[PDB]
Amino acid sequence: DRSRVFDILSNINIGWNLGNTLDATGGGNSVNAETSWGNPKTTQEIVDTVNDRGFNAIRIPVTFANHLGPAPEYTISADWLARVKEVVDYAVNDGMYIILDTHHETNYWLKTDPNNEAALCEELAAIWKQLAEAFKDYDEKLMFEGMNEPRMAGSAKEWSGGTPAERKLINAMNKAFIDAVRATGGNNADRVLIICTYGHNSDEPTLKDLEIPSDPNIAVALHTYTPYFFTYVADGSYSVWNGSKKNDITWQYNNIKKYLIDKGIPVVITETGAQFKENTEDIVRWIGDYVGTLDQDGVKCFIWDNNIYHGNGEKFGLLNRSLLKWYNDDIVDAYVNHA
Ligand SMILES: OC[C@H]1O[C@@H](O[C@H]2[C@H](O)[C@@H](O)[C@H](O[C@H]3[C@H](O)[C@@H](O)[C@@H](O)O[C@@H]3CO)O[C@@H]2CO)[C@H](O)[C@@H](O)[C@@H]1O
Ligand SMILES: [Mg+2]
């Protein structure tokens, strides 16, 4: 019976990622990593704005790698831990629902080599122990997401669910994450712990191989920027949404139902969104089909927002952080009013 996770999650309207921020990897062992990819230092005002618009839930991606001491302790540098805590606290002050993850660890130590299971499991555990300790007293609105898109970068199946041996590794790493957090006690004993598939992929073979922990206070995370060719820019990508491709979303959702929802397993889309391609009207329609699909079973999603809209890059930006204004209110309206 996993109904406690469902009740907690049902309180979310819809979520928002503080993207390209604490996940950013410049600056080395320093708090400047936060601004290394060109975003301003996060403020209470920024979080207020996110919450006030209707995003009562927030994902705070954090890349810890460069702020970790040497193995085997992997001590998180105090300055970095304190800063992460500050940013989390912004959301706590606003009584928001919060996901804390580890993020671009995949650039560093998190390489899904089955033969290195122990070392990977131990490092993940050593990081989450310290995090779980630092957030021991935080209430049930704070959730942990162990990994972000855990995978072997450059591998043939990097972005399509990895290999069978890798997926078994993921199951072991998921288990190590849960184990380390539960062992810290306090509010971490029944805290919602959000696990993931290889690369956060949601294809049937990726889902089929997913070991579901017996721990009843967990949820499964997936990333679905579906369809890829609408949401991203690439050879073969399009910006028109007439509804013809709704099937690609429908098809994928049924697998998620088949393997998770219809077994009573909580599911969360911890990342989704569409890059701006001068196509407000189309994205609004896509949001209707996509989020409306998730709303069929009360599944919540968190929108990726990297604060890139005018300039070059992947245009997932929605909140102009420096002006505390939204880049595109029609798109945002569709998100926050999805119900
Ligand atoms: O999963 C989120 C992740 O997506 C990354 O893009 C991946 C896509 O996930 C994947 O669907 C796509 O597959 C396409 C392939 O790369 C193309 O070359 C072409 O052959 O068609 C495929 C569609 O079946 O690959 C991309 C490659 O990046 C994003 O990079 C990343 O931001 C995000 O986290
Ligand atoms: Mg308690």
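Atoms within each ligand, like the ligands themselves, are counted from 1 in listed order. All residue numbers refer to positions in the sequence shown, counting from 1.
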For this session: Check whether the ring centres of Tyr97 and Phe302 lie less than 6.0 Å apart, and answer yes or no.
Result: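 That pair fails the under 6.0 Å test.
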Exercise. What about the rings of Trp304 and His103, do their centers lie closer together than 6.0 Å?
Worked result: yes
For this session: Determine whether the side chain, the backbone, both or neither of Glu149 has a heavy atom under 4.0 Å from any heavy atom of ligand 1.
Result: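 Just the side chain.
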Exercise. Would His200 count as a contact of ligand 1 if the rule is a heavy atom under 4.0 Å away?
Worked result: no
For this session: May I ask you to check whether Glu271 has an N/O atom sitting below 3.5 Å from an N/O atom of ligand 1?
Result: no
For this session: Test the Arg191-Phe144 pair against the cation-pi criterion, namely NZ or CZ under 6.0 angstrom from the six-membered ring centroid and within 45° of the ring axis.
Result: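 Cation-pi check for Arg191 and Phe144: passes.
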Exercise. Of the choices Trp304, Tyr225, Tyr228, which has the non-hydrogen atom that lies closest to atom 8 (C) of ligand 1?
Worked result: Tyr228
Exercise. Are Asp89 and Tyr138 linked by a side-chain donor-acceptor pair shorter than 3.5 Å?
Worked result: yes
